[PDB]
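So you can see what is in the structure, the chains are spelled out below.
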Amino acid sequence: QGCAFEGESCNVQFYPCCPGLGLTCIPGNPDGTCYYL
């Protein structure tokens, strides 16, 4: 797996979130959480 799904943590340094569906990393500096917008 490359990108993270909703509910887990995502690192904007090596492991980003899965785009296309509408997910974002919060805070994402450097670690974040994948949530739906």
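Residues numbered from 1 in each chain as written, not as in the entry; some residues may be left out. Heavy atoms only, no water. Residues with missing side-chain atoms left out of burial classes, pairs and counts.

Listed as the method for this PDB entry is solution NMR.

A word on the side chain of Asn11
Formally: Comment: elements are numbered from the N terminus, with helices defined as DSSP H or I runs of at least four residues and strands as E runs of at least two. Buried, partly exposed and exposed residues are distinguished by accessible area as a fraction of the type maximum, computed with a 1.4 Å probe on protein chains only: under 20%, between the cut-offs, and over 50%, respectively. Residue contacts follow a heavy-atom distance rule, with two residues in contact if any of their heavy atoms lie within 4.5 Å.
Position of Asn11 relative to the elements: it lies in strand β1 (residues 9-11). Judged by its relative accessible area of 14%, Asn11 is buried. In contact with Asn11, not counting residues within four places along its chain, are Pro16, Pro30 and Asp31.

Focus: the nonpolar core
Where we set the bar: In these notes, a set of buried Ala, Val, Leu, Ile, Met, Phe, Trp, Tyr and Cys residues joined through side-chain atoms within 4.5 Å is what counts as a nonpolar core.
Counting residues in each nonpolar core, the largest one holds 7 residues, listed as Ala4, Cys10, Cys17, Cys18, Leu23, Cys25 and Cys34. In this structure, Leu23 is in contact with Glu6, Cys17, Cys18, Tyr35 and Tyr36, ignoring residues within four places of it in sequence.

Structural notes on the environment of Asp31
Relative to the elements of secondary structure, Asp31 occurs in strand β3 (residues 31-36). Judged by its relative accessible area of 39%, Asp31 is partly exposed. Spatially, the C-alpha atom of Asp31 lies 13 Å from that of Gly7, the residues being 24 residues apart in sequence. With sequence-adjacent residues up to four places away left out, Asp31 is seen in contact with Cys10 and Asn11.

Considering the state of the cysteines
Which entries qualify depends on this criterion: Disulfide: a pair of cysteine sulfur atoms within 2.5 Å of each other.
Summed over the entire model, instances satisfying the criterion amount to 3 disulfides. With a sulfur-sulfur separation of 2.0 Å, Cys3 is cross-linked through a disulfide to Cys18. Across the S-S bond linking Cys3 and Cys18, the dihedral sits near 90°, which makes this disulfide right-handed. Within this pair, whereas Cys3 is found in the segment before β1, its partner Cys18 is found in the loop between β1 and β2 (23-27), the two being separated by 15 residues in sequence. Between the sulfur of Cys10 and that of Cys25 lies a disulfide, 2.0 Å long from S to S. Placement of the pair is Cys10 in strand β1 and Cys25 in strand β2, with a sequence separation of 15 residues. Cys25 shares its class with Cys10; the two are buried. With its disulfide-bonded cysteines labelled consecutively along the sequence, the protein is connected as 1-4, 2-5, 3-6.

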